[PDB]
Structure formats: C-alpha cells, structure tokens
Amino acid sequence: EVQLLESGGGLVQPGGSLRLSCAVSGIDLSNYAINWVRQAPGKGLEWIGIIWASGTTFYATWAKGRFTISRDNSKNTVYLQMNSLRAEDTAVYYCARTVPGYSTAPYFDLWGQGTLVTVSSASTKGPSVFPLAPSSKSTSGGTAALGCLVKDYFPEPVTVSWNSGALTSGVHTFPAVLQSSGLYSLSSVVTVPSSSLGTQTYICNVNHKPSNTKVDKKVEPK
C-alpha cells in the first residue's frame, strides 16, 4: 500500500536538463530522508545523494555540481534536478528512503519503481508491430505458441501486454536487443492450449511512451 513513484524520465539530448520527481502515497514522508540512486543498463548501483527531513542535502563527490535534490513537503514530493547531462548519465534513477532512525547509514528500505533516463543525440523512433502467428498444424501437439514482434524503436523501454492484462501465464517478453540500425527490437511470446485458438482471441498490447506509440495487434493463425 506504500510505494514511491518516480517521474520525469525519458529521452534527453546531451547537455540538456531534466527534473525527476519522487512522490509518495501511503505515508507522510516529510519526516524521512530521501536518496537518489542510479544504475546504468547492465551495470551496478551508484548513489547520487540524499536530502534529510530538514532541507539539508549531501551529494556524491562526482554529482555535486550537475545534480540537485530538493523537497516540497506540502506536496509530499522530492525532486532531482539534472543539469548538463552526459551520455554517461543514461540510467535508471531510483528514489529510496533511508530506514527511519538513520542518517549517513546506507540503509534504504523503500524504493521506487525507478524511471529510465536516456541521454542521447538521437531522435525518438516508434516501433512497428507484426504478429507471430502459430503454425496451421498448431492443433494437437503440445500446446501452441504465438506472439508479437515489436521492431525498430528508440529509446527503451517498451511494455508489452496480452489481452489487456488478462493473459499473463506462459508469457515471455524478451529483453530488447540492438540492431545494426542502432534501434531496439524484441518479441513477446505466449504459449496457449491448441483448443484455445479460434475460440479465444489473443491480442498483444504494445506501448512505447517516448513516441506515443500504442498498438494492439490481434495474432491469428491462417
């Protein structure tokens, strides 16, 4: 019932600025210390700084300069202002609370879902969505498999969903992979029982916020 939600994430040009917000719901927070921690894709956790119950703020030696933390208790919100972004600052930025009763101690109990910030000179690109239809012999066998191919987009992420959430079992949404074009691509597959085909409708829902691309493709065998 208690979670931190980060926002402001997205595509940024090198040298640009951006302000991420951390808003809590379920607790006051004005009395807790908030930290911002980041993680480059595939890399590890890197602390950026913290802001105490009182406005007092501390930063990682390398962040004190292009990064600024602030809070607005009347809104129950913490803010991270990023300046002169570098390609190296591309990462998932997390919001996390220090265990009540500590300070300076690296104990963070409550985290946010994290929001991805991509610093790149490239323009956003929307994905095409093609169906991966099961074989015509998909009857009998050991259940059928069908899916969606989300191709050519930038930057990450892309969330895929089956039957608006109804279908979750046997779902595999593969990690995206770069293509020679410098664009991402992935596929989401789902195994279902042969009998379900024809009688049950299967639609994958693809959403790529950066380009305001939303698509619902109905996968059908022929």
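Note that residue numbering begins at 1 and tracks the sequence as displayed.
- Between 18 to 26 and 204 to 212, the higher mean Cα B-factor belongs to 18 to 26.
- The stretch with the higher mean CA B factor, choosing between 144 to 152 and 91 to 99, is 144 to 152.
- Of the candidates 121, 73, 124, 136, the deposited coordinates give 136 the top C-alpha B factor.
- Ranking 43, 38, 172, 66 by the C-alpha B-factor listed in the PDB entry places 66 at the top.
- Split the chain's modelled residues into thirds by C-alpha temperature factor. Residue 178 is in the lowest one.
- Residue-level temperature factors show residue 159 in the middle third of its chain, judged at the C-alpha atom.
- Per the PDB record, residue ranking by Cα B-factor puts residue 117 in the lowest third of the chain.
- The PDB entry assigns residue 197 a C-alpha temperature factor belonging to the highest third of its chain's modelled residues.
- Ranked within its chain, residue 166 lands in the highest third, by CA B factor from the PDB record.
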